[PDB]
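> Model the following, please.
(6 chains)
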Amino acid sequence: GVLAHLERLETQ
Amino acid sequence: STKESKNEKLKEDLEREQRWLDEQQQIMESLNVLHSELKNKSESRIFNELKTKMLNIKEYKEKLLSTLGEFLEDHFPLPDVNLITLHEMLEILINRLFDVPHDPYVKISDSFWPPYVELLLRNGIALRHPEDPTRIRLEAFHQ
Amino acid sequence: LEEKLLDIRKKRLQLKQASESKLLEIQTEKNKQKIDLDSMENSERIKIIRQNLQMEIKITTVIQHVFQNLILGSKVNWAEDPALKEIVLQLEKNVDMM
Amino acid sequence: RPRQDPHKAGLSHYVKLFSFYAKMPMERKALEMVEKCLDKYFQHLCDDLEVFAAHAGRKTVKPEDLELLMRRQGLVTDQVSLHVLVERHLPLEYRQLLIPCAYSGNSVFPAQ
Amino acid sequence: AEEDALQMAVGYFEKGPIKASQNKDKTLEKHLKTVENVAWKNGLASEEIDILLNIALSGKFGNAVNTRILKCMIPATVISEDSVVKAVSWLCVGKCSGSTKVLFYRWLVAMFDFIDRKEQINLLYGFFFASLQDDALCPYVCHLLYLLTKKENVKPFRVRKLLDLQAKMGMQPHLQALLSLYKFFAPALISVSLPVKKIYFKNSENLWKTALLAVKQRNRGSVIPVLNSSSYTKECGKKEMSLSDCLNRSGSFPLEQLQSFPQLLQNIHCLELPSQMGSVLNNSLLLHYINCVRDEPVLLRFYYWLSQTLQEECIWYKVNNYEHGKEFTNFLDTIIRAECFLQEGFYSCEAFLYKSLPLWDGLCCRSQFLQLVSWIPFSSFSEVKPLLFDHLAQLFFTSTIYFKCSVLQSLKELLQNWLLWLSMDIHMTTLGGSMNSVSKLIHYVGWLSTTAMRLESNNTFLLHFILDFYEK
Amino acid sequence: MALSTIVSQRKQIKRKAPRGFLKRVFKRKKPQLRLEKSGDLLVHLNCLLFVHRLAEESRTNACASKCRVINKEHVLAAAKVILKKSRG
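Numbers count the residues shown, from 1 in each chain, chains lettered A, B, ... in the order given. You can find the structure just below:
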């Protein structure tokens, strides 16, 4: 989803 | 990248929603058909039903008892002090079980010769008293 | 994709809204039909026939089991005689559901 | 390559029955003890059966001799007969051979 | 070809044994060879099954000949029920030996599903249950009863029989399985707690495994409670039988029989509710039922259970327990997947949001939390503002840009859900007081967007989400 | 569990009796006599009763002598009375 993608972009 | 992820999720959700819509349409159609069928369709009748039920039960019990008597007569004749038949012993056991519910044990007599008692004990019809084997009872099949 | 999903969800919501009231009225009608017939319980002739029904059911069950055990222990071939086959096939079935 | 003599193979059944009836953990040193007690009991049983058959006046061993022995042992009485113990402790395949039963037109087996 | 030879062989089987001409015994052995060959290549028909079974179980050809007839019994077609009835009668005669009885029982267990009718087989439950006295046939008969057992067959005297058998023999797996089944069918008579799934019935491949595969290739062409029936306290204290079952009325539908969609369609109006409502959370057939129920006791039970579970399983509320971790995330994912269906949200989630929001940091379960925020029932903006939106803005104005994009997506989804639920009410507070709430929400999110654009120094990554919201 | 200690059998072995072993024992002990058709079954029953008596006596002797595991002296003292009681 979009929220999981934002999360994985935040982790990096 | 975010737009690609959004499109993928949208396609997946579209497929899932389509399947759910199909299933819900089926359920609604079935429920409407059932409601229509149900909408399309006095102690005297209750008493008549109870009476015919009792009559059927009595007829079945009478037929079964007659058949059991015929079987016990043609298969187990009088054996050659005198000994009574197995039918009399079974009737005595049933009477003692039904009249006295808390004390259905019967003391073994000379008329009850070891063959028939052993047959009844082996076929699970009768049971010895846990404390003295001289008293036997009938198995409570209705309970 | 969103244009399609909107109409799909709208149709789903309409179906849910209809089925809710449909099932509600069905359930309330069934309960109204069941409770009065359950709580009628007239004591003019039913309280005397119910005990007779119970006693006959118990006696018939006992006789059924006794006959089954006797036929089992007698060591006889019942499949050859159809008259006894009908009995041994009718013995196992229940009595109250007749 | 296991090797088991028939004596131990026969006694293992009663040893396992003892272990099951004990309902308690048992040391391994008691197995040979139980086996020796079983051997002594079998010897005494054979001697008692021999002397009872000799006193009876016949060379063969009949069930009445074993009934008399069990009565002297305190296990069998007039009220609690051998049939009760057979029904309590033995399966159906042995009860069909020991206790007489009638069926199918007063046909009694065994003949008693 | 050889089919006439097969007919002659079965006719000779019908004649009987031979006394003097023992070379005709080798001729019938050649006949058995032909029967084995035809049973291996294509099988046997249904017309000779009854005859061969009756001949094998009659006891005229000896054990050495009857031992292989059951082995070569390959049901290429469906098996009739009268043949099995005659076989059971021949077993009840008593002329057979032990090995042939064991073989017949193993064959009946292996070829159980190949029979067309199974009601007259269940009508002979007593003859199968009575054979449990023999210690040689105990496991196979137990395995057969484990398949032939129904609800009308469990009776107290059979329970006592099983109890005395267990007392005489001990802990046997083939008995433990049957006792567990009897407890499942009658919990008010037997109490059993089995320890562990271990192998109870032996999975010994039968002699017809190469024949099983042949007939298959021929026929080619815990946080959440467990699912259990209602508590046995229903009709616990009863003096007499009710008037309903005396007249054989509808009643109800069992829960274990509900396994497919048509079974739910046929019995949607009458269903058995579980003992614990939480088990409904992971069952689609029960979700379809609770989609349109609107009952007060069920809602109260589900609310209490879900509220207690969310309160005890949280990571930052009322306890410092990070040991849960992915378990809470999976539970929230299941809740979100369930509330996407039913097109509405639960009140327990709203209460948990109102309780645990001031203590949230914004990084633990951002995705699941913000997805749960989207499923908030429609209410006035002035009442729902101080409980949710104040804390949301306080966490929004001091976080990173990804948190801003996430809360913008969540607000867009919330607005979409509110509009979807409001669009259906006009077809049925008036609309004048309802449009003011969404107007205030739009103005609030516009103020948020303006302040965020001023803070983040005009980043296009946020303007994209702002324009995505204004598109809707 | 140590190899010296054996836990009680939760499940009992099949109730089949070793008739051949009893026949061979009775033949090798007293070959001059002949046993009847089913005397071995009565011998097996007597052995079962003897083993039950010995088991209960050893159990009570072990539980009364401050022991949770049956030892050698317990079954020894039990046999010293059971063997004398079993003869007659």
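> just checking, residue B:24 touches residue C:17?
No: the criterion here is C-beta atoms under 8 Å, and residue B:24 misses it with residue C:17 at 11.1 Å. C-beta: built from backbone N, CA, C; applies to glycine.
> where's the closest residue to residue C:87 other than its chain neighbours, which helix or strand?
Excluding its sequence neighbours, the residue lying closest to residue C:87 (C-beta to C-beta, 6 or more residues apart in numbering or on different chains) is residue B:67, at 5.5 Å. With secondary structure defined by DSSP states H and E, residue B:67 is part of helix B:43-75.
> list the helices and strands that helix packs on?
If contacts are counted by 3 or more C-beta pairs under 8 Å, 6 or more residues apart in numbering or on different chains; DSSP states H and E, helix B:43-75 sits against helix B:86-99, helix C:46-73, helix C:82-90.
> May I see the buried residues of the shortest one?
Within helix C:82-90, the residues that qualify as buried by neighbour count (16 or more other C-beta atoms under 10 Å in any protein chain shown) are C:84, C:87-88.
> Please apply the same query to the first one.
For helix B:86-99, a neighbour-count test (16+ other C-beta under 10 Å) marks B:86, B:89-90, B:92-94, B:96-97 as buried.
> relative to helix C:46-73, how tilted is that helix?
Direction vectors for helix B:86-99 and helix C:46-73, defined by axes from the mean of the first three to the mean of the last three C-alpha atoms, to 10 degrees, enclose an angle of 140 degrees.
> Tell me who's in contact with residue D:53.
D:59-62, D:65, F:33 (C-beta atoms under 8 Å, 6 or more residues apart in numbering or on different chains).
> Okay, and which of those residues map to strands?
Using DSSP state E, no member of these falls in strands.
> Buried subset of those residues as a PyMOL selection?
The buried residues among the contacts of residue D:53 can be selected in PyMOL (16+ other C-beta under 10 Å) with this line:
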select buried, (chain D and resi 61+65) or (chain F and resi 33)
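> What is the nearest of the contacts of residue D:53 to chain E?
Nearest to chain E among the contacts of residue D:53 is residue D:61, at 27.2 Å by C-beta to the nearest C-beta.
> just checking, that closest one touches residue D:49?
Yes: between residue D:61 and residue D:49 a contact is recorded at 5.7 Å, counting by C-beta under 8 Å.
> which non-adjacent residue is nearest the residue in chain B that chain D sits nearest to?
Of all residues in chain B, residue B:115 sits closest to chain D, at 3.4 Å by C-beta to the nearest C-beta. Spatially, and ignoring its direct neighbours in sequence, residue B:115 is nearest to residue D:102 (3.4 Å; C-beta to C-beta, 6+ apart).
> Could you say which helix or strand holds the one you found?
strand D:101-103.
> between the buried residues of helix C:82-90, which is nearest chain A?
So of the buried residues of helix C:82-90, ranked by how close each gets to chain A (C-beta to the nearest C-beta), first place is residue C:88, at 65.7 Å.
> Isn't that closest one up against residue C:78?
Yes: applying C-beta under 8 Å, one finds residue C:88 in contact with residue C:78, separated by 5.2 Å.
> Which stretches in chain F count as helices?
Assigned by DSSP state H, the helices in chain F fall at F:19-29, F:39-64, F:72-86.
> Just tell me which of these ends up closest to residue D:89.
helix F:39-64 (5.7 Å; C-beta to C-beta).
> Kindly calculate the angle that that closest one makes with helix F:19-29.
Going by the same axes, to 10 degrees, helix F:39-64 makes 100 degrees with helix F:19-29.
> how far out from the middle of the chain is helix F:39-64?
Here helix F:39-64 is found 5 Å from its chain centre; the criterion is C-alpha atoms, centre = their mean, to the nearest Å.
> Then stretch E:126-143?
29 Å.
> go on, stretch E:278-294?
Centre to centre, stretch against its chain (C-alpha atoms, centre = their mean), the figure for stretch E:278-294 is 14 Å.
> Give me the buried positions along it.
E:278-281, E:286, E:288-292.
> Contacts made by it with the rest, please.
B:23-24, B:27, C:16, C:19-20, C:22-24, E:224-228, E:258, E:261, E:264, E:268, E:271, E:274, E:298, E:302, E:305-306, E:309, E:334-335, E:338, E:341-342.
> Just want the most central residue of chain F.
For chain F, the residue nearest the mean C-alpha position is residue F:51 (3.1 Å; C-alpha atoms, centre = their mean).
> Near chain D, which residues of chain B? Just list them.
Within chain B, the positions near chain D by C-beta under 8 Å from any C-beta of the partner chain are B:75-77, B:79-80, B:114-116, B:118-119, B:121-122, B:128, B:132-134.
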